[PDB]
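Working notes, structure below.
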Amino acid sequence: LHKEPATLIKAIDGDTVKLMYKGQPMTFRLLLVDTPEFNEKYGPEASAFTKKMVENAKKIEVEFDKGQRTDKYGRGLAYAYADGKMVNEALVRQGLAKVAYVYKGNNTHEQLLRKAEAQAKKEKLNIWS
Ligand SMILES: Cc1cn([C@H]2C[C@H](OP(=O)(O)O)[C@@H](COP(=O)(O)O)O2)c(=O)[nH]c1=O
Ligand SMILES: [Ca+2]
């Protein structure tokens, strides 16, 4: 997989963010995770966590996997990086997302993320508390 440039347009929630990619505004949905909806428990905390990570970044990058790059809603499907740190992984590691939506052929980072989830769960963080 390859990292590509993007810039922040706007934070949205824990697992979606509006970025400019190849010069076009797109909503991105983070691969292999599920944050609570803002309406739900830990929803606001997940939103805040992603918002801080993407707003504080000097450099946003997106990384597409081997399969589908857009979902049925036109959202980009990617791993997102803030100054080299994966947002997807960071959410899971903090117990603010579950590993989820693991589709064949877009699951390169699955085992990385499941390891972070095990650690979050061992620490009883957030969703696992
Ligand atoms: C993360 C992800 C979501 N989706 C679709 C599946 C779900 O369809 P449904 O809307 O019919 O439930 C939805 C969940 O995204 P959200 O968790 O953002 O709601 O997005 C993909 O198709 N591929 C993906 O990789
Ligand atoms: Ca969600």
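We label chains A, B, ... in the order they appear in the structure tokens, count residues from 1 in each chain, and number ligands from 1 in the order shown.
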Near-ligand residues for ligand 1, threshold 8 Å, only C-alpha atoms and all ligand atoms, as a PyMOL selection string: chain A and resi 15-16+29-35+37+68+70-73+77+100-103+106
Let me see the file: selected residues, N, CA, C and O atoms, as a compact mmCIF listing (two decimals), in the first residue's frame.
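File part_21.txt, as written:
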# COMPACT_ATOMS: atom_id res chain seq x y z
N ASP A 15 -15.42 8.34 12.71
CA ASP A 15 -14.86 7.52 11.61
C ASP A 15 -15.10 8.08 10.22
O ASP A 15 -14.85 7.38 9.21
N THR A 16 -15.51 9.33 10.11
CA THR A 16 -15.59 10.01 8.82
C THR A 16 -15.03 11.40 8.93
O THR A 16 -15.12 12.04 9.97
N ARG A 29 -14.46 7.51 4.74
CA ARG A 29 -14.84 6.61 5.79
C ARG A 29 -13.64 5.73 6.12
O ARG A 29 -13.04 5.16 5.26
N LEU A 30 -13.29 5.67 7.38
CA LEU A 30 -12.09 4.96 7.81
C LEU A 30 -12.29 3.43 7.70
O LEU A 30 -13.28 2.87 8.19
N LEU A 31 -11.39 2.79 6.95
CA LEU A 31 -11.42 1.30 6.82
C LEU A 31 -11.29 0.58 8.14
O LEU A 31 -10.50 0.99 9.05
N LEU A 32 -12.01 -0.55 8.25
CA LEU A 32 -11.87 -1.58 9.29
C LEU A 32 -12.26 -1.16 10.70
O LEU A 32 -11.98 -1.86 11.66
N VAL A 33 -12.93 -0.02 10.79
CA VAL A 33 -13.37 0.42 12.13
C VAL A 33 -14.83 0.85 12.15
O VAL A 33 -15.45 1.19 11.11
N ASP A 34 -15.34 0.98 13.41
CA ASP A 34 -16.68 1.54 13.65
C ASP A 34 -16.65 2.30 14.92
O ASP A 34 -16.47 1.70 15.99
N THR A 35 -16.81 3.60 14.79
CA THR A 35 -17.00 4.39 15.99
C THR A 35 -18.48 4.50 16.30
O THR A 35 -19.29 4.40 15.44
N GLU A 37 -22.00 6.39 16.84
CA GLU A 37 -22.57 7.59 16.22
C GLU A 37 -22.56 8.65 17.30
O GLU A 37 -22.48 8.32 18.50
N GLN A 68 -12.05 -2.08 -3.07
CA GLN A 68 -12.94 -0.96 -3.35
C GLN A 68 -12.38 0.30 -2.75
O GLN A 68 -11.97 0.27 -1.59
N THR A 70 -14.18 3.37 -3.04
CA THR A 70 -15.36 4.18 -2.77
C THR A 70 -16.48 3.21 -2.30
O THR A 70 -16.58 2.11 -2.87
N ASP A 71 -17.28 3.57 -1.28
CA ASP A 71 -18.41 2.73 -0.89
C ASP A 71 -19.69 3.16 -1.62
O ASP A 71 -19.64 4.04 -2.45
N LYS A 72 -20.80 2.48 -1.34
CA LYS A 72 -22.05 2.73 -2.03
C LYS A 72 -22.59 4.17 -1.84
O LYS A 72 -23.48 4.62 -2.61
N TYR A 73 -22.09 4.89 -0.84
CA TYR A 73 -22.49 6.28 -0.57
C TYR A 73 -21.54 7.31 -1.22
O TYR A 73 -21.69 8.56 -1.00
N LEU A 77 -12.78 5.06 0.92
CA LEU A 77 -12.47 4.06 1.93
C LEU A 77 -10.97 4.01 2.05
O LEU A 77 -10.31 3.58 1.09
N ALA A 100 -14.18 -3.60 12.66
CA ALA A 100 -15.50 -3.92 12.05
C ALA A 100 -15.43 -3.72 10.57
O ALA A 100 -14.53 -3.08 10.03
N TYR A 101 -16.46 -4.21 9.86
CA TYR A 101 -16.50 -4.01 8.44
C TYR A 101 -15.28 -4.55 7.72
O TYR A 101 -14.72 -3.90 6.83
N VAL A 102 -14.91 -5.79 8.07
CA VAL A 102 -13.72 -6.38 7.53
C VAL A 102 -14.09 -7.15 6.27
O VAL A 102 -14.56 -8.31 6.34
N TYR A 103 -14.01 -6.48 5.14
CA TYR A 103 -14.34 -7.10 3.85
C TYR A 103 -13.13 -7.72 3.16
O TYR A 103 -12.04 -7.13 3.07
N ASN A 106 -9.99 -5.79 1.17
CA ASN A 106 -9.69 -4.48 1.74
C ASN A 106 -9.38 -4.67 3.21
O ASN A 106 -10.00 -4.03 4.00
DSSP helix (DSSP H, G or I) residues within region 33-62 of chain A, as a list in words: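 In region 33-62 of chain A, DSSP puts these residues in helix (DSSP H, G or I): residues 43, 44, 45, 46, 47, 48, 49, 50, 51, 52, 53, 54, 55 and 56 of chain A.
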Using the selection just defined, write its residues with N, CA, C and O atoms as an mmCIF file, in the first residue's frame.
data_model
loop_
_atom_site.group_PDB
_atom_site.id
_atom_site.type_symbol
_atom_site.label_atom_id
_atom_site.label_comp_id
_atom_site.auth_asym_id
_atom_site.auth_seq_id
_atom_site.Cartn_x
_atom_site.Cartn_y
_atom_site.Cartn_z
ATOM 1 N N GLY A 43 -19.726 8.240 21.395
ATOM 2 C CA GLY A 43 -19.810 8.970 20.129
ATOM 3 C C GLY A 43 -19.131 10.316 20.185
ATOM 4 O O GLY A 43 -18.273 10.656 19.384
ATOM 5 N N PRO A 44 -19.527 11.152 21.145
ATOM 6 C CA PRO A 44 -18.869 12.432 21.243
ATOM 7 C C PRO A 44 -17.355 12.357 21.473
ATOM 8 O O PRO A 44 -16.615 13.179 20.935
ATOM 9 N N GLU A 45 -16.895 11.397 22.280
ATOM 10 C CA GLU A 45 -15.488 11.208 22.545
ATOM 11 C C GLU A 45 -14.708 10.731 21.309
ATOM 12 O O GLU A 45 -13.629 11.223 21.032
ATOM 13 N N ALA A 46 -15.320 9.821 20.560
ATOM 14 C CA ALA A 46 -14.688 9.417 19.297
ATOM 15 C C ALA A 46 -14.589 10.564 18.334
ATOM 16 O O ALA A 46 -13.531 10.715 17.709
ATOM 17 N N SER A 47 -15.689 11.292 18.150
ATOM 18 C CA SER A 47 -15.631 12.496 17.277
ATOM 19 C C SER A 47 -14.526 13.481 17.668
ATOM 20 O O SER A 47 -13.750 13.974 16.849
ATOM 21 N N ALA A 48 -14.406 13.713 18.977
ATOM 22 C CA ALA A 48 -13.421 14.639 19.470
ATOM 23 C C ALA A 48 -12.004 14.168 19.269
ATOM 24 O O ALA A 48 -11.097 14.950 18.893
ATOM 25 N N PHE A 49 -11.834 12.840 19.376
ATOM 26 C CA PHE A 49 -10.534 12.249 19.272
ATOM 27 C C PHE A 49 -10.032 12.389 17.812
ATOM 28 O O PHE A 49 -8.914 12.781 17.545
ATOM 29 N N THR A 50 -10.876 12.022 16.857
ATOM 30 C CA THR A 50 -10.496 12.124 15.456
ATOM 31 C C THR A 50 -10.290 13.575 15.031
ATOM 32 O O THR A 50 -9.321 13.851 14.305
ATOM 33 N N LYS A 51 -11.200 14.437 15.490
ATOM 34 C CA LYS A 51 -11.139 15.875 15.193
ATOM 35 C C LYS A 51 -9.809 16.442 15.667
ATOM 36 O O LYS A 51 -9.117 17.129 14.890
ATOM 37 N N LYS A 52 -9.384 16.083 16.876
ATOM 38 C CA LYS A 52 -8.092 16.586 17.340
ATOM 39 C C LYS A 52 -6.898 16.051 16.574
ATOM 40 O O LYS A 52 -5.993 16.766 16.143
ATOM 41 N N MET A 53 -6.958 14.761 16.256
ATOM 42 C CA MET A 53 -5.897 14.177 15.511
ATOM 43 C C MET A 53 -5.745 14.800 14.111
ATOM 44 O O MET A 53 -4.614 15.041 13.685
ATOM 45 N N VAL A 54 -6.851 15.002 13.392
ATOM 46 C CA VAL A 54 -6.741 15.526 12.010
ATOM 47 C C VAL A 54 -6.472 17.046 11.970
ATOM 48 O O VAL A 54 -5.736 17.495 11.087
ATOM 49 N N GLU A 55 -7.027 17.774 12.932
ATOM 50 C CA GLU A 55 -6.847 19.256 12.980
ATOM 51 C C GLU A 55 -5.429 19.622 13.417
ATOM 52 O O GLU A 55 -4.859 20.612 12.920
ATOM 53 N N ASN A 56 -4.845 18.853 14.299
ATOM 54 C CA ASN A 56 -3.506 19.125 14.778
ATOM 55 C C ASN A 56 -2.396 18.636 13.828
ATOM 56 O O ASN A 56 -1.259 18.955 13.998
#
Shortest interatomic distance to ligand 2 - which of A:20, A:9, A:96, A:87, counting only C-alpha atoms and all ligand atoms: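 The closest residue to ligand 2 is A:96.
Remark: for ligand 2, the closest of the candidate residues A:12, A:125, A:112, A:57 is A:12 (distances computed over only C-alpha atoms and all ligand atoms).
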Counting only C-alpha atoms, what are the residues of region 69-114 of chain A within 6 Å of region 58-65 of chain A, and for each of them which pair of atoms is the nearest and at what distance in Å, to one decimal? Sort the table by chain and rising number, as a tab-separated table.
residue	atom	partner	partner_atom	distance
A:78	CA	A:64	CA	4.7
A:79	CA	A:63	CA	5.0
A:80	CA	A:62	CA	4.6
A:81	CA	A:61	CA	5.0
A:82	CA	A:60	CA	5.0
A:83	CA	A:59	CA	5.2
A:106	CA	A:65	CA	5.3
Would you save the residues of that selection, restricted to C-alpha atoms, as a tab-separated table (two decimals), in the first residue's frame?
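Output file again_20.tsv follows:
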chain	number	residue	atom	x	y	z
A	78	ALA	CA	-8.96	4.51	3.30
A	79	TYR	CA	-6.53	4.34	6.15
A	80	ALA	CA	-5.92	7.93	7.30
A	81	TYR	CA	-2.59	9.13	8.74
A	82	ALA	CA	-1.90	12.22	10.84
A	83	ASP	CA	1.83	13.05	10.88
A	106	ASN	CA	-9.69	-4.48	1.74
Those of region 29-84 of chain A in DSSP strand (DSSP E), formatted as a list in words: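 Assigned to strand (DSSP E), within region 29-84 of chain A: residues 29, 30, 33, 34, 60, 61, 62, 63, 76, 77, 78, 79, 80, 81 and 82 of chain A.
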Distance query residue 111 (chain A) at most 12 Å, only C-alpha atoms, self and fewer than 3 positions along chain excluded, as a ChimeraX atom specification: /A:32,89,92,99-100,102,107-108,114-118
Residues just named, written with N, CA and C atoms as a compact mmCIF listing (two decimals), in the first residue's frame:
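This went into part-v2.txt:
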# COMPACT_ATOMS: atom_id res chain seq x y z
N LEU A 32 -12.01 -0.55 8.25
CA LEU A 32 -11.87 -1.58 9.29
C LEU A 32 -12.26 -1.16 10.70
N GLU A 89 -6.02 3.01 13.53
CA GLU A 89 -5.39 2.24 14.61
C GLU A 89 -5.56 2.99 15.92
N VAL A 92 -8.91 2.58 17.59
CA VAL A 92 -9.10 1.22 18.15
C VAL A 92 -8.26 1.11 19.43
N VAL A 99 -12.96 -2.91 15.79
CA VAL A 99 -12.62 -3.45 14.48
C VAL A 99 -13.91 -3.99 13.87
N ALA A 100 -14.18 -3.60 12.66
CA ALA A 100 -15.50 -3.92 12.05
C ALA A 100 -15.43 -3.72 10.57
N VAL A 102 -14.91 -5.79 8.07
CA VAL A 102 -13.72 -6.38 7.53
C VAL A 102 -14.09 -7.15 6.27
N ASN A 107 -8.46 -5.54 3.57
CA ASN A 107 -8.24 -5.88 4.95
C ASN A 107 -6.77 -5.99 5.28
N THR A 108 -5.95 -5.23 4.54
CA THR A 108 -4.49 -5.29 4.76
C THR A 108 -4.08 -5.10 6.23
N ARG A 114 -6.58 -5.51 15.03
CA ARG A 114 -7.07 -6.45 16.04
C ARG A 114 -6.10 -6.54 17.22
N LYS A 115 -4.80 -6.33 16.98
CA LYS A 115 -3.89 -6.32 18.09
C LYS A 115 -4.12 -5.09 18.98
N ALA A 116 -4.42 -3.94 18.36
CA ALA A 116 -4.67 -2.72 19.14
C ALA A 116 -5.94 -2.94 19.93
N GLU A 117 -6.96 -3.51 19.30
CA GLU A 117 -8.22 -3.79 20.02
C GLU A 117 -7.99 -4.70 21.21
N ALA A 118 -7.14 -5.69 21.08
CA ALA A 118 -6.91 -6.60 22.23
C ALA A 118 -6.30 -5.80 23.38
Top pick for closest residue to ligand 2, considering A:7, A:39, A:24, A:94 and counting only C-alpha atoms and all ligand atoms: A:39
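Closest approach to ligand 2 from the set A:21, A:128, A:38, A:28 is made by A:38, with distances taken over only C-alpha atoms and all ligand atoms.
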Of the listed residues A:104, A:66, A:41, A:124, that which approaches ligand 2 most closely, counting only C-alpha atoms and all ligand atoms: A:41
Counting only C-alpha atoms and all ligand atoms, the residue of A:23, A:36, A:67, A:105 that sits nearest ligand 2: A:36
